[PDB]
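Results of the structural survey
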Amino acid sequence: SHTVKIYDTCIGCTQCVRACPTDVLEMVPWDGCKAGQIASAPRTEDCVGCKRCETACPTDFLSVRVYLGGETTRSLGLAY
Amino acid sequence: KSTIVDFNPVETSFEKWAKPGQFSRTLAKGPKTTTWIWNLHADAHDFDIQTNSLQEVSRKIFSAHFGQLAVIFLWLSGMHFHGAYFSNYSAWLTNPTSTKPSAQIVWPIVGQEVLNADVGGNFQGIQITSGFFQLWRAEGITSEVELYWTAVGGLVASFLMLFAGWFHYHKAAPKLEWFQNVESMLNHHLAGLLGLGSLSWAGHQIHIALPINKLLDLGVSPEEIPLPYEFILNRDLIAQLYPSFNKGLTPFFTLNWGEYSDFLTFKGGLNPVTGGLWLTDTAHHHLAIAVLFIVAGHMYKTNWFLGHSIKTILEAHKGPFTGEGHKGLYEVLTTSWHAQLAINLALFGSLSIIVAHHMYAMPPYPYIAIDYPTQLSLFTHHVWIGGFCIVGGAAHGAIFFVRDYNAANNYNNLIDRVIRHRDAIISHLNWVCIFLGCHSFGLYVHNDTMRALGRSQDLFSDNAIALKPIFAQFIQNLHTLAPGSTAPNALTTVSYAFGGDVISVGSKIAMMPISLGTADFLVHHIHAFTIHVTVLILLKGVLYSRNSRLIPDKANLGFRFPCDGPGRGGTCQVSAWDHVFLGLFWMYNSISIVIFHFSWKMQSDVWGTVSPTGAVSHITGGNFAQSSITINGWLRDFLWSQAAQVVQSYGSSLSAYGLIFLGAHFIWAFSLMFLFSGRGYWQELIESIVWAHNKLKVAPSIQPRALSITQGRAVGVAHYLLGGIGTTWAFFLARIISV
Amino acid sequence: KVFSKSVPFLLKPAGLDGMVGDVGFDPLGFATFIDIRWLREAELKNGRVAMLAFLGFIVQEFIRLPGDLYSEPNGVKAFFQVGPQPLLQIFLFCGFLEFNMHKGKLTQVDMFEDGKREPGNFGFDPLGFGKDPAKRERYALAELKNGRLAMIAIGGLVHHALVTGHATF
Amino acid sequence: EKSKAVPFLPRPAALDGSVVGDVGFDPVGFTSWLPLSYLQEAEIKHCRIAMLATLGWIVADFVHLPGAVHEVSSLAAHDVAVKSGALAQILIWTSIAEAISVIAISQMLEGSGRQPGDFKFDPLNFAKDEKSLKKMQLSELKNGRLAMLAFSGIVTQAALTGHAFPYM
Amino acid sequence: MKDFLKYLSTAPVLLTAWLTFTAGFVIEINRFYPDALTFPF
Amino acid sequence: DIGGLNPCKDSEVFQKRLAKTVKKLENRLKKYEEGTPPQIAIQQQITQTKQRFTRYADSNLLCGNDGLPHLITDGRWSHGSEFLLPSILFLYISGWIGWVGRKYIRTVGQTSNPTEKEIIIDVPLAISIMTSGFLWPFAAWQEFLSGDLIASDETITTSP
Ligand code: CLA
Ligand code: CLA
Ligand code: CLA
Ligand code: CLA
Ligand SMILES: CC(/C=C/C=C(C)/C=C/[C@@]12O[C@]1(C)C[C@@H](O)CC2(C)C)=C\C=C\C=C(C)\C=C\C=C(C)\C=C\[C@@]12O[C@]1(C)C[C@@H](O)CC2(C)C
Ligand SMILES: CC(/C=C/C=C(C)/C=C/[C@@]12O[C@]1(C)C[C@@H](O)CC2(C)C)=C\C=C\C=C(C)\C=C\C=C(C)\C=C\[C@@]12O[C@]1(C)C[C@@H](O)CC2(C)C
Ligand SMILES: CC1=C(C/C=C(\C)CCC[C@H](C)CCC[C@H](C)CCCC(C)C)C(=O)c2ccccc2C1=O
Ligand code: SF4
C-alpha cells in the first residue's frame, strides 16, 4: 500500500479530503492553523496513488504527500 | 421582431479584438504563464465552454461556417487566377498528351528559378498535380479569360460569404428553433442544394460542356470553337453535334425521352479519344441524380400536414434485442452539435475515400487518366482527407459522450445498451485485430523468412501456397459480364479495372483490367487489419470516455485530460483524447499502407505504355505480383527502388521535392522528442534557463512553462503526421513526375 | 473643437503647444506616440545636415579640391570615386561630434530622461548671433523652415543626379 | 413614411430631411447598416473624382500635351500613361491625399464635427452663408451624380465602339 | 481606431509584420546583390 | 597555400564547373524560341552564373580539389571577409536585438501590468527602445560597470 503523510503546513482547507476518490483522507481537529483542522490519512490501505489529493493542495510545496510503495489489488485499482 | 432571427444581437466593435482570450472565463483575466498563450488557441473554437446557451453556440457555428466557405471561395479564386495568369492552360489545350500542366511560376531569387521546370508549351513553372486543367477542359473552359472571370466571381463570392457571416452573427442571428428544424434543413439540403446543383450542372454540361468538348475531341482548335453563350442563343451550333436539339423541349414534356438519347447516353467505359468518362454519360448521371435528390427532398414534414417526422420514425424502430431502440436519438442529434459533427465527419471521410477510389477507377475528366501524377496525387490526397475526417468523427463522438450525453434521456436506448456491453464489443474487436494482424503480417513475415532461408516453394505466393481472392475475382467477372446481361442497356463495363480491353490514349495506358492475385489478398487483409485496429482505438475511446473499471468517474475529468495519476499502476492516456491521438497514429499507418499499395500496384500492373502491336510495358514491370509479398520486397523493390528519383533530384527542377523529403524526415524525427519525452524534464531545464535570464535581468514577466502533457502529445502527433505525410508526398510526387 | 490651422479640416494635434514652429501640422499624430522633444531634435539635426549637404553639392560641382580623387562634379559619383577611406573618416568624425555634443546620452530613451535640455540647443553660438531674444524666435523659425526646405532640396538634388547622372548646374 | 423619390416605398428611416440632396432614395436600405456620414463621404468623393475624370477624358480626346506619349486616345491612354510613369505620380499624390482622408474620416466618425466631404477647401468664397452653401452643395451633388453616370456611359460606349469624342 | 490600433499592437500581428518586413529586406538585399558568399568589402 | 588549397582564379576544376553549368544552361536555352520570356530567364541565369563565378574567382577565395570556395576561418585577417567581418556584423545585429529585448522587458517590468504589455506590445515604447540599440556595445559596458546588468542573490535556487 502507498504511504500518505500530512505536514504541519496544512491550512485545513479540506480540498484534499473532498478530492480523494477512495476515502483515504479525513479532516481531524487541530490547533496549528486558523481553521483548527488538519488532514489525516487513516485509510491508506485504500490509497490508489492517483495523487488527486495533492493536486488540490494550495500550500506552497504541498501539505499532503503520497509516496508510492508496495502494490495491492486495492492500490492497483483492479476490479478483477 | 422576426420569429426566426434576433436583430442586432452583437455590436460590431474592435474593442474585443484588443482583449485576447475574452471568450473564455479563465483566459479573460490575462496571461500569467506561457500556458495561457497555448490555451488561447486551444479554446478558440470550443464554443461549448464559451457560452452556456445552445443558441449562441449555434450562431457562432453558423458564422464560422460562413467564414470557412469564404476561405474556400478565396482558395478557388486563387486557383482560377493562377490558371488564368501564371499557367500554360492554352498551350495544354492544344496538346494535352504532350504538355505537362503547370500553373505556378517561381520568382528568380536565391537560385530558386531552377524550380521552373520544362513543362512544355513554351512555359516554365511547377508541374501541377491537382488536375485543374482536366477539370477546366471538362467544364468547356477554352480560354484564360474565362478562368479570370471565374476567379473574379470567386472573389465576389468569398466577400459575399464573409458578409453573410458578419450579418448572421451581428445583424440578424437565427434562433435555436430555426437551427433545430432538421426536417426542413434535410429537405432543403437534399432537394435544393444537392438536387438543384446536380440539375444546374447537368444543364451546364448539356449546353456548354457537351458541345465544346465534342468539338475539342473532333480536333477543332479552341480559337475557332464558338463562345459558350452562342451554344444557347443558336440552337444550330449544338444541333449539329447532337441532332436531337432540333426537337426542342417537346420530347421532354411529351414523355418522349427516347429522343434525347443523342446526348443522354448510357455507355460505360471511357472515351477513346480522351480516356475519360463519356460526358454524355456524365450529363445523364447528373440529371438522374438531380431527379432522385429532388424526390428525396420531399420526405420530412416541415410546415404542412405532409411528410415524415424523424422522431416518429426513430421511435418506431425498436426490437427484442435492442430494448427501446432509437428512442431519444432525435433529441441527441437536435441538441448536440458534437454528435452531428461525429456522424457527418465519419461519413464525409468515408465519402472522400470512396471518391478517391472511383476517381482513378473511372477517370471522369478528359486526359486525366494519362496524367499519372494527377491521378496519384488525387487518390492520395482524398484518402488522406478521408482518414483525417474519420478520426475527427470518432473524436467528436467521444466529445459528445463526455459532454453532451445525458444518461437520464437515454434510458435503455441504443446508446445505453452499447455502453452496457462495451466490454464484449472491445474484447471481440481486440481478438479480431489480433487475428487479422497475426495472419496478414505473419504471412508477410513467413514469406520473408522462407525467402531468406532459400525455400521459395514454402512462400504464400502464386507459384507456391496460393491464396487466391476468389470472392473479388467473382465480382470482377460479374461486372465485366454486366453489359447486356444484368445491365442490358449498357454498352461497356463501368470500369475497365473489372476487365475488358486496355484503354490507351497517345500510347499511354488510361485504364486496364487490374488482376487480383495472392499479392492483393495479403495487402487487402493488411488494409482490413489496420482499419480494424484504428476502429478499436477510436471505439475504445468513445465507449470508455465516461467511465471504466480504472476510473469510475472519467466523465468528471473531461474529454481532454492527461491522466488521473501514477496510481493504479499508472493511468496515462486514459482520456478519450488520448485515444484520438493513438488513433491518429494508426490512421496514418493504415492510409500510408493504402497509398503505398495503390502506387505500387498501379505503377506495376496498370500504368505504362502500349506498343503499336499491342504489347503492354509497365512503369516497373510487374514486380508487384512476386515482390510485394515480403517486407524485404516492399523495402527494396518499392521504397529503395522508387526513392531513386527523389534522392537524385538535386540540381534538377525536382530538387524542391528532395528538399521537402529531407525536411519532412527532419520534422518526423523532431516529433519523437515530444512523443518520447515528458514535461518534468523540460520544466526543470526551463528552470535553469530562467535562472540564467534572471541572472541577466531578462526573465520575462510571462513565466515560461513547458508545454502541457496534452499539448506535448498534440505537438508530437502533429509533427509526426506532418513529417510522414510530407515524406510520402515528396516521394510520390518526385517519383511519378520523373517517370 | 479647435481644428488645426494648417490642415483646417483636422482637429488640432496635441503636444505641439510650446514650440517655435507650431502651425498645427501633425495629421498622423507622430507627436502622440513619439516624444516631441526627440522629434524636434531629430527635425533640427536632419535639417542642419540637409542644409550642409545642399551647400556641399553646390560647392562640389563648382569648386572641388585639387587631386585625382576629388574631380567629380556629380555628388553621387563623387561618393564612389572618393573611396571608402575619406568617407569613413567623415563617419568617425561625425560620431565623435555626436558623442561629445550630447555628452554621452545619445539614444531616444537616454536623451531628455533628465530634462533640462532644450531640443536642438547645443549652445553653439561663437559669432554671437542670438544675444537679443527678440530676434531669437525669428531665427529659430527661419532655421526650421530652411532645414525643411533643405531636406526637400537634398532629396531633389540626389535624385536628379541619379536619373540624369551629369550634375545639378 | 412614403419617401419622396419612390412614393410607394417607405422612408429609409435614416434620411429624414437634414442632408443636402436627400430625396429619400434608399430602396435597398444601405443606410440601415452603414453610417450615413461614411456613405455621404463616399458619394461626394465619387462625385468629384468622376467629374474630374469626365472632363479629363473629353478634353484629352481633343487637346494633347506636347510629346509622342500623349498622342493616344483616352481609351488607350491608361496603358501608355502607366508605362511612362505618368499615372504613378497621380497615384503617389492621391495616396497622400487619401491617407490624410483616412485621418479625416476617422475623426469625423469619432466626433469632431467635420461635415462629410468638407475639407474646408475654399480659396474663393462662392458660399458666404448657410443658404448659399446648401445650394452649392446640392449643385455639387447633382453635377457629380450626372458626371458619374456620364463617365460610365462614355467609357462603356468608347470600349464598345472605338470612336472619338462622339461615342455614339 | 483606438482598439484596432491596440489589436495591431498584439504579439501575433506585430510578429507577423516584423518577420514579413525582415524577410522582405533580406530577400531584396539578396536580389540586388545576389550570390554573396563573403563580405563585400 | 593555406591548408594545401589554391586560389580559385587558378583552379582548373573551378573553370570546368563554370563551363559545365553554362553548357547545361545553354542546352536548356536551345529548346525555347526567340526572345520569349523563358529564353530571357535562362539568359539571365547564364549571366548571373558567369558573374558569380567571376566574383568568386576575384575574391581571395581558396578552392580545394573539388573546385569549390573553402572558407579560411582560423582568424587571419587576409581571409577576414569570409568569417571575421560577417562575425562582427552578426554580433552587432544580435546584440542590438538582445539589448532592445532586455530593455523592453526591464522597462515594462516596472508597470502595473507587466504581463499585459508582453502580449500587447507598447508600440511607442517599443519603437523608442528599438532605435536605441545602436549603442548596445556602449550601453552594455556602461550598465555592467554600474552593477545594473547582473543580479546577485535575489535569483531563485532549487532545494539542493
Ligand atoms: C434550397 C435552399 C438551401 C440551400 C441551397 C442551402 C445551402 C447550404 N446550406 Mg442551408 N439551410 C436551408 C436551405 C438551404 N441551404 C434552410 C431552409 C435552413 C434552415 C433549416 C438551412 C440551414 C443551414 C445551416 C444551419 C447551415 C447551412 C449550410 C449550408 C451550406 C452547406 C455547405 C456546402 O455544402 O457548401 C456548398 C456551398 C455552395 C454551393 C456555395 C453557394 C451557396 C450559396 C451561398 C447559396 C445559399 C442559398 C441560400 C440559402 C439563399 C439565401 C439568400 C439570402 C439572401 C436569403 C450550403 C451553402 C451550412 C453552412 O455552410 O453554413 C454557411 C450550415 O451550417 N444551412
Ligand atoms: C469539420 C471539421 C472539424 C471541426 C469543426 C472541429 C471542431 C472542433 N474540434 Mg476537432 N477534429 C477534426 C475536425 C474538426 N474539428 C479532425 C479531422 C480531427 C482529427 C485530427 C479532430 C480532432 C480533435 C481533437 C483531438 C480535439 C478537437 C477539438 C475541437 C473543438 C475545438 C477546436 C479548437 O479550438 O481548435 C482550434 C484550432 C487549432 C488549435 C489549430 C491547431 C493547428 C493544427 C493542429 C495544425 C495544422 C497544420 C496545418 C495542416 C499546416 C501545416 C503545414 C506546415 C508546413 C506549417 C472544436 C469543436 C478539441 C476539443 O476540446 O473539442 C471540444 C480536441 O481536444 N478536435
Ligand atoms: C512494428 C511495430 C509495431 C507492431 C508490430 C505493432 C503491433 C500491434 N499493435 Mg501497435 N503501435 C505501434 C507499432 C507497432 N504495433 C506504434 C508505433 C504505436 C504508437 C501509436 C502503436 C499503437 C498501438 C495501439 C494504440 C494499439 C496497437 C495494437 C497493436 C496490436 C494489433 C493486434 C495484432 O496484430 O497483434 C498480432 C501481433 C503482431 C501482428 C505482431 C507480430 C506477430 C507475429 C507476426 C506473429 C507471432 C510471432 C510468434 C508469436 C513469435 C514466437 C517466437 C518468439 C517467442 C521467439 C499488435 C500487437 C492494438 C492492440 O492492443 O491489439 C489489438 C491497439 O489497440 N498498437
Ligand atoms: C480623374 C482625373 C484624371 C486622371 C486620372 C487623368 C489621367 C490622364 N490624363 Mg488627364 N485631365 C483631367 C483629369 C484626369 N486625367 C482633367 C480634369 C483635365 C482637364 C484639364 C485633363 C486634361 C488632360 C490633357 C489635356 C491630357 C491628359 C492626359 C492624361 C494621361 C497622361 C497625362 C496625365 O496624367 O494628365 C496630365 C494632366 C493635365 C495636364 C491636366 C490635369 C489637370 C488636373 C486634373 C486639374 C487639377 C486637379 C488637382 C491637381 C487635384 C489635386 C490632386 C490632389 C491629390 C493633390 C492620363 C491617362 C494626356 C494624355 O495622354 O491624353 C491621352 C493629355 O494630353 N489629361
Ligand atoms: C517638392 C516637394 C515638397 C515641397 C514643399 C515645399 C518646398 C514647402 C515646404 C514648406 O512650406 C512647408 C510645407 C512648411 C514650412 O514650415 C516649411 C517649408 C519648407 C517652408 C515634394 C516633392 C516630391 C517629389 C516627388 C515625390 C517625386 C517623385 C518622382 C518620381 C516618383 C519619379 C519617378 C520616375 O523617374 C523614375 C523613378 C523613372 C522614370 O522613367 C519614370 C518616373 C515615374 C518619371
Ligand atoms: C520624397 C521626399 C519628400 C516628399 C515630400 C512631400 C511629398 C511633401 C508634401 C507636402 O509638402 C507638400 C507638397 C505640401 C505641404 O503643405 C504638405 C506636405 C504633404 C507636407 C523627400 C525625399 C528625400 C530623399 C532623400 C533626402 C534621399 C537622400 C539620399 C541620399 C543622401 C543617398 C545617398 C546614396 O545614394 C548615394 C548618393 C549613393 C548610394 O549608392 C549610397 C547612398 C548613401 C544610399
Ligand atoms: C521540447 C519539449 C517542450 C518544451 C517546448 C517548448 C517550450 C515549445 C517552445 C515553442 C517556441 C517558444 C515557439 C515556437 C517557435 C518555432 C520556431 C515556431 C514554429 C515554426 C513555424 C514554422 C510554425 C515541452 O514542453 C514538452 C512537453 C511535453 C512533452 C515533450 C515536450 C518537449 O519535447
Ligand atoms: S504524468 Fe505522465 S505519467 Fe505521471 S501520471 Fe500524468 S501521465 Fe501518467
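Residues numbered from 1 in each chain as written, not as in the entry; some residues may be left out. Chains lettered and ligands numbered in written order. Part of a larger assembly, values for the part shown. Heavy atoms only, no water. Residues with missing side-chain atoms left out of burial classes, pairs and counts.

By the method listed in its record, cryo-EM, this PDB entry was determined to a resolution of 2.95 Å.

Thoughts on the interface of chain E and chain F
Taken together, the contacts link 14 residues of chain E with 19 residues of chain F. In terms of surface lost to chain F, no three residues of chain E exceed E:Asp35, E:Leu37 and E:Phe39, which account for 43% of the buried area on that side. For E:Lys6, the salt bridge is made with F:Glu116, and the minimal N-O distance between the two is 4.0 Å. The tally of links between chain E and chain F comes to seven residue pairs in polar contact. Counting residues per element, the side of chain E that touches chain F draws most heavily on helix 2 (residues 11-32) of chain E, at three residues. (Contact = heavy atoms within 4.5 Å. Buried area = accessible area lost by both parts, 1.4 Å probe. Salt bridge = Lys/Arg side-chain N within 4 Å of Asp/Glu carboxyl O. Polar contact = N/O pair within 3.5 Å; in protein donor to acceptor, adjacent residues only side chain to side chain. Helix = DSSP H or I, 4+ residues; strand = E, 2+ residues; numbered from the N terminus.)

Thoughts on the nonpolar core
Counting 115 residues, the largest nonpolar core has B:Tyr89, B:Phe263, B:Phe379, B:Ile415, B:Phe559, B:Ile595 and B:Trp607 as its most contacted members. With sequence-adjacent residues up to four places away left out, B:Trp607 is seen in contact with B:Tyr372, B:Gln375, B:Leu376, B:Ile509, B:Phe598, B:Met602, B:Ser617, B:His618, B:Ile619 and B:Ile736. A:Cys16, A:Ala39, A:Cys47 and A:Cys57 belong to the second-largest nonpolar core, a separate cluster that totals twelve residues. (Core = buried A, V, L, I, M, F, W, Y, C linked by side-chain atoms within 4.5 Å. Buried < 20%, exposed > 50% of the residue type's maximum accessible area, 1.4 Å probe, protein only.)

Re the site of ligand 7
Residues and elements named next belong to chain B. Around ligand 7, the neighbouring residues are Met673, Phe674, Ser677, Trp682, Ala706, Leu707 and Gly712. With respect to ligand 7, the backbone of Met673 contributes an N or O atom lying 3.4 Å from an oxygen atom. The separation between an oxygen atom of ligand 7 and a polar side-chain atom of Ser677 is 3.2 Å. Here ligand 7, which alone exposes 790 Å², has 45% of that area covered by the protein. Tallied by class, residues from the shell around ligand 7 come to five nonpolar, two polar and no charged. (Near = heavy atom within 4 Å. Areas by Shrake-Rupley, 256 points an atom, 1.4 Å probe, with all protein chains shown as cover. Nonpolar A, V, L, I, M, F, W, Y, C, P; charged D, E, K, R; others polar.)

Some words on the state of the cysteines
Put plainly, two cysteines are in a disulfide when a covalent bond ties their sulfur atoms together. Under the definition given, this model contains one disulfide over all chains. Disulfide pairing places F:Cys8 opposite F:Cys63 at an S-S distance of 2.0 Å. For the disulfide bridge between F:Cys8 and F:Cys63, the dihedral angle about the S-S bond is near 100 degrees, and by the sign convention the bridge is right-handed. Taken as a pair, F:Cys8 in the loop between strand 1 (6-7) and helix 1 (12-30) and F:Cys63 in strand 2 (residues 62-63) lie far apart in primary sequence, 55 residues in all. The residues F:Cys8 and F:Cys63 share a single accessibility class, namely buried. In this model A:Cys10 remains outside any disulfide bridge; the closest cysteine sulfur is found in A:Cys33, 5.5 Å from its own. (Disulfide = S-S within 2.5 Å.)

Overview of the UniProt feature "binding site: [4Fe-4S] cluster 2" (unreviewed entry) in chain A
Residue and element names in this part refer to chain A. On the UniProt side, "binding site: [4Fe-4S] cluster 2" (unreviewed entry) is annotated at positions that read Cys20, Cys47, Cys50 and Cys53 here. Their sequence span is 34 residues, while the largest C-alpha to C-alpha distance among them is just 10.3 Å; these annotated residues converge on one region. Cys47 sits in the buried class, given a relative accessible area of 5%. Setting aside residues up to four positions removed in sequence, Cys47 forms contacts with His2, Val4, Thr22, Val24, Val66 and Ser75. By secondary structure assignment, the location of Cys53 is in helix 1 (residues 52-55). (UniProt positions renumbered as here; feature names shortened; annotations may be inferred.)

Looking at the pairing of strand 6 (residues 508-511) of chain B
Of the strand pairs in this sheet, strand 5 (residues 503-505) of chain B and strand 6 of chain B are connected by three bridges, and their pairing is antiparallel. In the sheet register, B:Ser504 faces strand 6 of chain B, and the bridge partner there is B:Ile509. (Pairing = 2+ DSSP bridges.)

Remarks on a positive patch on the surface
Residue and element names in this part refer to chain F. A cluster of basic residues, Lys20, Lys23, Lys24 and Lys30, forms a positive patch on the protein surface. Counting through the fold element by element, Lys24 comes out in helix 1. Classification of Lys24 by relative accessible area gives exposed; the value is 59%. (Patch = residues over 30% accessible without salt bridge, like charges linked within 9 Å, V, L, I, M, F, W, Y side chains within 5 Å. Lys, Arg positive; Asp, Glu negative; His and termini not counted. Charge placed at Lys NZ, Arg CZ, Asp CG, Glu CD.)

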